[PDB]
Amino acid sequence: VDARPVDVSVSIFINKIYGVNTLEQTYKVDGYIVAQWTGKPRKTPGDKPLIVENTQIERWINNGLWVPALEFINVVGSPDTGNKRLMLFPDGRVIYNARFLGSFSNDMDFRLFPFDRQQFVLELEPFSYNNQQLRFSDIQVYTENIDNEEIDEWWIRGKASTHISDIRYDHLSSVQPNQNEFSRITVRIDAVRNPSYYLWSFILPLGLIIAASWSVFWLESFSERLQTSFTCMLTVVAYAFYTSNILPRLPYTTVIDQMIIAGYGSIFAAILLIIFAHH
């Protein structure tokens, strides 16, 4: 008779989502991971749950304790693990708890910046054990309690979305039959960018410049109209260089980038209009 897969119950605590790198399509997540399963019963001092911390956890693994490696699928490099703890129950129960900080990757489309929406995901999967050996029974997510989002870069929208799926790998389908599927937890945090800084400091002043760019037609002579249009051209270049110094690095154009091109277009159109009157 075959032994049943080990049901693992996971809880994820998300303390912080920050340090978004637009070009690399990465974000930093600080939190805690809690994993619970029923192992083999054991003797604990006084028949009370035993606490095993950090470097002592290894001593238990060398001695035969089963602690499966759970991998963050979308982590970029090894996550910085803080303190870690095992809570060993005499009835077999095991509770693993560790603090983490890692750079996570996901598909990030910033074409609508500063009015872009993002989905921050965390993907967890056993590194070596298939779903015939280890399966995720459930997932709970606890996120930060925010007082005021005004002071925050991102605005979290709704509760955390979770999924428990099975990943079938075609490579290792040959390794063994029905042993190629892995249990996977997916956690998703939806957020909208705070556009307050870009509204007042990028869209509004650029608007006042594009509005003032058409006022050159109210000049008396052709010599005055033209020389002022080149001054506005220099201002749009100076504003483009001001935006570049702040705006994130991207392989495409944002709403703000399109407004700068519109500013160049407006001046080049105004210049073509001044020439189409004199000669």
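Don't overthink the numbering: it's just position in the shown sequence, from 1.
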Q.
If you average the CA temperature factors as listed in the entry, which stretch comes out higher, 163-171 or 195-203?
A. 195-203
Q.
Quick check on the record: does 118-126 or 146-154 carry the larger mean Cα temperature factor?
A. 146-154
(Q) Can you tell me which of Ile14, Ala269, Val20, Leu23 has the maximum CA B-factor listed in the PDB entry? (A) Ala269
Q) Which of these, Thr44, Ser223, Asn54, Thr38, has its C-alpha atom at the highest B-factor, as the entry lists it? A) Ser223
**Q.** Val8 - which third its CA temperature factor falls in, relative to the rest of the chain
**A.** lowest
Q | Third of chain Cα B-factors occupied by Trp60 | A | middle
Q) Going by the entry, which third of its chain does the Cα temperature factor of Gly77 land in? A) lowest
Q: Just say lowest, middle or highest third for the CA B-factor of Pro177 relative to the other modelled residues in its chain.
A: highest
Q | Among modelled residues of the same chain, the CA temperature factor third for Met87 | A | lowest
